[PDB]
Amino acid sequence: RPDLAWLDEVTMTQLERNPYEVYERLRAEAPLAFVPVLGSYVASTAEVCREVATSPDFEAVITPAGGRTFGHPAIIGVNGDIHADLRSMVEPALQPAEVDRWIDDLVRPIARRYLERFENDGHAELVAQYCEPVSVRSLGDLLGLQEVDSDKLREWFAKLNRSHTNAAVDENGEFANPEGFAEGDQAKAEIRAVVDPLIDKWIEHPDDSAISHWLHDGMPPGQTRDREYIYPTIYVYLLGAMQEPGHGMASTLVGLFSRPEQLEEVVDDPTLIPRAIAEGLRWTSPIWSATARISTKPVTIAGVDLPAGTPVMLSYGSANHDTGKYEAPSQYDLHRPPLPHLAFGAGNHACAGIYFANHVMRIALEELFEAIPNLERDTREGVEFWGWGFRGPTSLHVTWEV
């Protein structure tokens, strides 16, 4: 596009380090715009992301690097009857009434277990010592991966993150860094080595684990879903479902530390934690630009005539800084009005795990502030955020008087 010639000089590294400056230009200049290094149109404003995600003239598509990472049928990348079946597969344990029966007994002992390892130290790095472990241990136990250690689940989602976001394409539209998928292939091979025996056992001996229910629920007598049919959704879980609740927790904490009067309010009044988290997700969206839709008919959007078959990446993290919608969106503010946000997406492909995720983050922050009410951020350690497809703080050093 002529007036966006400057986009040809945007780099993958620039977007990973801090996408907000480029996307501030995009929201003003071109809410729907082809980004050469990404090889795709991207939607950057709230109105366009919401329109594309809910439009009857669009359906899900996996991003190019997403397809190389997850293959088929990834729940995020399919539609029609397959999507309907995969949604019916994952939804039972995620139903709000079901989550409310057991979420507290799942997450709160886990949060306590990780807290007891450092709560008397006076210093911690909360991303690696608390947020990521609670997130992966909670989901891992729900899925049936009790025996897979939290360090391993963390390693897997980091490798899958890097593979899914290995998006750079060169002048010819080919992947610029094909070698960057090798780590994802290696993660998937390890995952298979660990998970295949569990599937073998669940096929014959179903139990209460969520993956056993993926094999068996809704199937005729003695039949199970083929493992090749469910594995891409297992991988999808082992990236975002494992990664995002820890990142949303951590970003919420960074935001509250940026507004010390608000941190104090939340510590004194934990009923404010859910509002704190919602603002945290808007302020640094954990799934920032990981998913996409493709047009099924010609459409006109934000002044652009798109042919049928055109992918559009949904940069929800940018939409959540839309200044048409928010005042001073780059500032964390607990008392912002409770406007809709797009950090869980929208439409038939919106997040299936919202209620579960919100409770995991809530219970983790409740127990953190009960154990360490006098938490303070270590201000010499700058909080670095990293990532374009998925974004969060790389570490969160904190201190407190023991």
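Residue numbers here begin at 1 and follow the sequence given.
Between 84 to 92 and 257 to 265, the higher mean Cα B-factor belongs to 257 to 265. Once the C-alpha B-factors are averaged per stretch, 310 to 318 and 328 to 336 rank with 328 to 336 first. Among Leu32, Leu375, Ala46, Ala346, the highest C-alpha B-factor recorded in the PDB entry belongs to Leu375. Out of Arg380, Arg391, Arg17, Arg25, it is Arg380 whose C-alpha atom has the highest B-factor in the PDB entry. Annotation for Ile230: C-alpha temperature factor in the lowest third relative to the rest of the modelled chain, per the entry. Among all modelled residues in this chain, the alpha-carbon of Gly180 has a temperature factor (C-alpha) in the highest third. The PDB entry assigns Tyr114 a C-alpha temperature factor belonging to the highest third of its chain's modelled residues. In the PDB entry, a CA B factor belonging to the middle third of its chain's modelled residues is recorded for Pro64. Looking at the C-alpha B-factors along this chain, the one for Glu155 belongs to the middle third.
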